[PDB]
Amino acid sequence: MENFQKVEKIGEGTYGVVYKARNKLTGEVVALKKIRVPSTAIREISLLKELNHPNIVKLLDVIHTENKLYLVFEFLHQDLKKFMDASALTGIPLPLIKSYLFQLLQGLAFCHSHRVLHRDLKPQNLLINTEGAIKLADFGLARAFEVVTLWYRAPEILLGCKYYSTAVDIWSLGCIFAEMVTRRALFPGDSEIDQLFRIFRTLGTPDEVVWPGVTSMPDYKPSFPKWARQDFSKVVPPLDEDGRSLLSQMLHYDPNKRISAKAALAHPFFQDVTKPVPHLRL
Ligand SMILES: CNS(=O)(=O)c1ccc(Nc2nccc(-c3cnc(C)n3C3CC3)n2)cc1
């Protein structure tokens with residue numbers, strides 16, 4: 001660590017504080033994450049160093065010293081949460097929302113083809129730069145090992161599924177997609193049950209018809225209230241039919257019916273996708 005000069009505190013991640021730092025030797029500016037160490041984690045993280053893609057924040061180095069673990073990542077200048085807050089008055093232009101969604105699906109397609117999942121996607125770990133790129137951060141750290149938001153958590157996780165799949169990332173991204181469009185969180189729950197019931201109230205309480213096996217899930221209760229499903233035209237208004245169609249497929253209850261990243265990239269919504277440059281005030 002003596003090899004790094006902490007510049008400022010970026011934030012408090014899931015495992016440790018994240019600092020903007022400068023490599024005292026290479027003069028390189030990076031994002032340093034101190035993890036709060038099993039050999040299992042070491043190997044798992046080591047694999048992530050090889051998982052490189054344009055839409056994945058590059059894991060530059062893994063420093064394991066004094067029984068402590070530090071992860072050194074590529075540095076970007078702003079996260080999606082801050083960008084959304086800054087675009088709250090006018091909203092992010094649709095062409096830019098489409099580009100971001102398209103790029104993120106590429107990132108997921110890549111990670112998922114390598115059997116790596118994120119598990120905790122959210123505006124805070126989606127990073128953007130001046131060139132119009134957006135990247136996913138903290139990928140794979142879940143498998144390795146303030147109150148965390150439940151807003152983007154997939155229903156199978158909330159119902160107790162222990163062996164969830166890559167589909168949990170598509171769910172989260174669908175929630176983020178809707179939020180960029182409407183400028184309001186889709187499912188802002190403040191407890192697991194509130195999160196679950198907010199999902200039910202919008203998409204309808206799931207049953208054996210739309211989700212085979214759902215009633216036999218660990219945390220499923222026959223006593224769950226039964227709410228009817230709402231039209232997407234009401235859920236995400238400004239979004240065109242193609243967008244609403246894709247979103248619906250990203251939010252299917254049954255993980256096995258939920259669209260994959262690869263298939264989503266082929267959806268009609270991306271027929272006119274372009275790469276606009278955002279207006280970033282750094
Ligand atoms: C305070 N919000 S912000 O918009 O001012 C902002 C500016 C610059 C940022 N740079 C980053 N680069 C790479 C990685 C991260 C990052 C952010 N969080 C986490 C948990 N990470 C983790 C370390 C992998 N951040 C970020 C956030």
Side-chain angles (χ1 to χ4, degrees), residues 1 3-5 7-11 13-23 26-35 37 41 45-48 50-64 69-88 92 96-97 100 103-104 107-108 110-111 116-118 120-145 149-153 169 172-173 176 179-180 183 185 277-280 282:
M1 279 310 101
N3 298 289
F4 298 82
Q5 170 206 182
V7 178
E8 54 183 54
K9 182 173 181 176
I10 292 179
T14 301
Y15 308 101
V17 177
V18 183
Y19 288 88
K20 179 183 186 178
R22 174 184 294 293
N23 191 303
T26 62
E28 209 165 67
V29 168
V30 309
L32 189 62
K33 184 174 188 172
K34 181 202 184 308
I35 298 303
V37 177
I45 301 300
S46 297
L47 299 175
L48 298 187
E50 307 176 312
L51 190 74
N52 301 144
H53 184 94
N55 299 114
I56 305 298
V57 180
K58 182 178 183 58
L59 169 55
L60 307 176
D61 285 299
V62 179
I63 303 178
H64 178 38
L69 184 61
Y70 301 89
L71 307 190
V72 184
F73 289 97
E74 161 199 3
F75 179 84
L76 282 91
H77 287 70
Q78 189 161 297
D79 63 47
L80 189 59
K81 171 84 300 297
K82 183 174 176 185
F83 183 63
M84 289 197 284
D85 288 340
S87 304
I92 297 170
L96 184 50
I97 290 180
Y100 282 172
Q103 294 178 61
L104 297 174
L108 293 191
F110 175 84
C111 291
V116 175
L117 334 188
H118 188 100
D120 185 40
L121 288 178
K122 57 194 169 183
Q124 290 292 169
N125 45 50
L126 299 191
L127 302 165
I128 63 178
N129 58 31
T130 55
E131 319 292 356
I134 188 167
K135 312 191 183 192
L136 293 99
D138 266 27
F139 227 104
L141 295 190
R143 178 196 180 182
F145 50 121
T149 190
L150 308 170
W151 299 4
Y152 313 94
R153 189 170 291 184
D169 289 337
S172 305
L173 188 52
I176 290 168
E179 182 169 348
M180 287 190 278
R183 287 178 257 173
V277 300
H279 172 63
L280 286 186
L282 301 177

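Start at 1 and go down the list; that is how both ligands and their atoms are numbered. These numbers come from the heavy atoms of this one structure, side chains and all, not from hydrogens, waters or symmetry mates. Residue numbers run from 1 in the order of the sequence given.
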Under 4.0 Å from one or more heavy atoms of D138, ligand 1 contributes atoms 22 (C), 24 (C)
Could I get the full list of side-chain contact (heavy atoms from CB on, under 4.5 Å) partners for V277, not counting sequence neighbours? none
Do any nitrogen or oxygen atoms of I10 lie less than 3.5 angstrom from nitrogen or oxygen atoms of ligand 1? no
At under 4.0 Å between heavy atoms, what of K81 touches ligand 1? The answer is neither
Rounded distance (nearest 0.5 Å) linking atom CG of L126 with atom CD1 of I176: 4.5 Å
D79: which residues meet the side chain to side chain donor-acceptor pair (under 3.5 Å) condition with it, sequence neighbours left out? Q124
Show the atoms of ligand 1 that are less than 4.0 angstrom away from any heavy atom in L127. 11 (C), 12 (N), 13 (C), 14 (C), 15 (C), 25 (N), 26 (C)
Going from NZ on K81 to NZ on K122, what distance comes out if it is rounded to the nearest 0.5 angstrom? 12.5 Å
Using a strict 4.0 Å cut-off to heavy atoms of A31, name the atoms of ligand 1 that fall inside it. 12 (N), 13 (C), 14 (C)
Contacting atoms of ligand 1, where contact means under 4.0 angstrom from a heavy atom of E74: 12 (N), 13 (C)
Tell me whether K33 has any N or O atom under 3.5 angstrom from an N or O of ligand 1. no
Does the plane of the ring in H53 sit parallel, tilted or perpendicular to the ring in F110? Use 30° and 60° as the thresholds. tilted
Could you list the atoms of ligand 1 found under 4.0 angstrom from a heavy atom of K82? 3 (S), 4 (O), 5 (O)
Gap separating the CD1 atom of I128 from the CD1 atom of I134, nearest 0.5 angstrom: 6.5 Å
Near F73 (heavy-atom distance under 4.0 Å), the atoms of ligand 1 are 23 (C), 24 (C)
Option set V17, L282, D79, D120, criterion heavy-atom distance to atom 6 (C) of ligand 1, minimum: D79
dist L121:CG -> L104:CG (nearest 0.5 Å) comes out at 8.0 Å
